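In the block that follows, a single chain appears as structure tokens, in the form deposited in one PDB entry.
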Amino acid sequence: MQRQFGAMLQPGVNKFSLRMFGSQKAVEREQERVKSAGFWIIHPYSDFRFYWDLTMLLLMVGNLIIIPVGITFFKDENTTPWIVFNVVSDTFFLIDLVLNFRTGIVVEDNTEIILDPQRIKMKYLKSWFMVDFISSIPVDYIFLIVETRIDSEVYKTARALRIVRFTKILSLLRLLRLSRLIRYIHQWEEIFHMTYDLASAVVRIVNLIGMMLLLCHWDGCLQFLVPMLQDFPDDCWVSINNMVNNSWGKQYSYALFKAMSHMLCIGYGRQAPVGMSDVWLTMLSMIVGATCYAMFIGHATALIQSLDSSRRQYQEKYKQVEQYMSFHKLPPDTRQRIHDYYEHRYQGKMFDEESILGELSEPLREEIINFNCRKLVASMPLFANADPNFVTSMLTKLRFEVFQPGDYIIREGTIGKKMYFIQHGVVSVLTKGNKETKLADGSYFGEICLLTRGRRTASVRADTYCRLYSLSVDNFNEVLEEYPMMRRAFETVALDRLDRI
């Protein structure tokens, strides 16, 4: 199954490969560049590297939680389940150390991905090797075997206690897997799409909350560890609180409380620190916890300032309108009319709709505008019996407008520059010496002046909260220069409306 076990190392066709490479042909050329690279090269955008990084993330979170508790609180932490756990974990981390010499490297100086194993080897030895080589191999068990072979009869003196304490210090080199944890979390969050579509403040504050929990855990383990490597002297907090002979659950609970009282800014344990190890560890935890909590307030502020974005923009613009009205001292009748205007026109959410449609492509503009005006097209007798290209070319030129009742849309006897379609509401056509006529949805008005370039023949007044679509002269002549056969519909309607007067 060397074909099946070789297809996982190359970037398969998905949403991510079709996002990062362009089209499927670039994905195929990338796969051909992978297959010709060498002996089993791992592409970083592949399927094996992704789920391998995910299993290593789960294993690193398990190790960085378990390992300090196993080192500090347990006395002879060399039983068979502990050594089996450390050796299985270090087996996986040596496997990942070896596979990092076969992984393509995404470099932010080239559009391509480095797949030459010599450059991969030199760049991986250049920056992130020594910390991964320290963190992968079991340094403590190597040291125990070396100390066994140098002196076989060494475990009967006061040197042996020093060797056990130095073993418990060397076994904390596995906490250098935080580097691989941070790198694999950043790569995984860049690749995995549900965290990619999230807001960056949310992903950033989840990373911070994870790091705060991890540092509070490690700090509690450190608060117990440094008095544990001193035979619990009479001034450390353990011997003062008489927690030397409790269970490890109570020791870990009170040590985590003593660390957490300095992370979330409370303080202290039972008393003030007394011994110098206590004072300097407490000041270390106070620095780390106050920095992490200041960053937590910073991320909470940056998250809260980006929640109700368009509603906040609407309220900022309407607050500027309020301050404009107060600055020019408008009467409260007009202020009430403007309050009703902004709550009818924008409906609480203000959009830069021109820029939003300008970012989109042409068929998406055509599709959205055909969707947003389907009630108009269904209601109007003209658009329902016309060319859909003509309907779309007309609807891309319209402008949404809202008129309060009583407003004069068109004044009788001025030079007209717009043409109105009615989406919603009714209007009253007032003509001097004639009866007013109501117009409703689907009906349009103000088209004789766009055909004849004369002056307005009849005033038009609103009756309800009218929602109209305006059309300029230039766009109307442009769309009729596209389609001169639909001009005769407006000429028929305008001749009939001149016949009514």
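The first residue of the shown sequence is 1; numbering continues from there. The term rigid core refers to the most C-alpha atoms you can superpose between the two forms while keeping them within 1.5 Å.
The next section is about a form of this same protein that is not shown, the form deposited in another entry.
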item	value
Core-superposed comparison between this form and the one not shown: the option from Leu144, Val321, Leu181, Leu94 whose CA moves 2 angstroms or more	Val321
CA of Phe257, rigid core aligned, shift of 2 Å or more between this form and the one not shown	no
Core-superposed comparison between this form and the one not shown, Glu108 Cα displacement 2 Å or beyond	yes
Core fit, then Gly425 C-alpha moves 2 Å or more between this form and the one not shown	yes
